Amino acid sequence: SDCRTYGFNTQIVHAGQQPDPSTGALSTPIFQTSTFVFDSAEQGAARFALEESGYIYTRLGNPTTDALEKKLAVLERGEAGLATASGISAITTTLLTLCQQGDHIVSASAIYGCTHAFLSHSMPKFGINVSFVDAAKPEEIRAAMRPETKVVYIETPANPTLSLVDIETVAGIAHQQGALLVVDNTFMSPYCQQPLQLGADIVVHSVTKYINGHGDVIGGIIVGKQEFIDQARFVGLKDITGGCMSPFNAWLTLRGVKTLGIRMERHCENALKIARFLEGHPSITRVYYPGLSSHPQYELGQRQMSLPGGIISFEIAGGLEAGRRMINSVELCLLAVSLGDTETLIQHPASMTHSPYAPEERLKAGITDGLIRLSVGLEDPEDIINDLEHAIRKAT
């Protein structure tokens, strides 16, 4: 049969995978090899000429990684996938394949910090200019487009305030002006949002977050048309970034993604409960969560996202010192800077990642002094709420 025909949970479990043909092994074997052996000179030449399918060398391609690439292509409804060493490598392999000196990119300003650093500081040194705009306002995207614009780049939801971008509307604007739309879908995973179905051309993820979900893999994935992915593989990865994924990391990500549907359901069920608790707490001034009807783009989120996500941000009364006291008072939530793990993770940017920055520079990343970012895990939500209540009460 064809796995593209089954339901989404069935695809999560099975797409891109099948029992090993020589042994019947059910788990995808870990092809932890660099070298592949040819049966003859002619078989080697046939593979190098693309006249025969098969493998050559793990930087170019590998059976374990191929399974992950095919699975994620199915889940995003794209033609082809390309696994990478990190989410950053997925982003930069994509953009360095597409762009050359003299080209231009229109990017959302509300993007992952290291992506912003790449676009702000590294791209212009290669002659590739970037204009940053508020992508919640599609007119600002249009106004920033130039004859040289090759790419519009967006993230949605966008940390740390969980604002949204209207993918379908932005895709139409980008395409009318001759540009590709690249969407970083890390926050949602394909279980909750499908940018290619809304007109995006390329989707990138850090699999480090929800796709792997177990806090033990750094990796990325790119999904798009075969013609583009082939260039991203044989030029961007092979020559430019060298950012190939280890077969063992691909195997762990295949293993983690098996539970993506059930994990996202529980992350989001837990997060909605915690978000409602925080919205009712008189020591919490604001709660940013797409599942609360007061979210400024709530209706867009309901049309574009099948679930409101596992991430919450909120502001605690009392600013910087209260946020520091609160984060130093949790006993179950763990202080860390990643997200999408099975454990609940918490961070206070103004006292952690952005401490030696001026308050007006911190807002440039949307960071207020009392802002706390919470990645909701798979624990009992009552335990998470009790921990938050205990810490908030102490802090205020």
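Residue positions are given as counts along the sequence shown, with the first one as 1.
- Comparing 36-44 with 333-341, the stretch with the higher mean C-alpha B-factor in the PDB entry is 36-44.
- Taking the mean C-alpha B-factor of each stretch as recorded, 217-225 and 106-114 are not equal, and the higher mean is that of 106-114.
- As recorded in the PDB entry, 350 shows the highest C-alpha B-factor of the residues 350, 26, 68, 346.
- In the PDB entry, the Cα temperature factor peaks, among 182, 80, 322, 196, at 322.
- The entry lists a Cα temperature factor for residue 248 that places it in the lowest third of the chain's modelled residues.
- Ranked against the other modelled residues of its chain, the C-alpha B-factor of residue 266 as given in the entry falls in the lowest third.
- When all modelled residues of the chain are sorted by CA temperature factor, residue 60 is found within the middle third.
- Among the modelled residues of its chain, residue 203 has a C-alpha B-factor that falls in the lowest third, as given in the PDB entry.
- Remark: residue 255 belongs to the lowest third of its chain, ranked by C-alpha B-factor as recorded.
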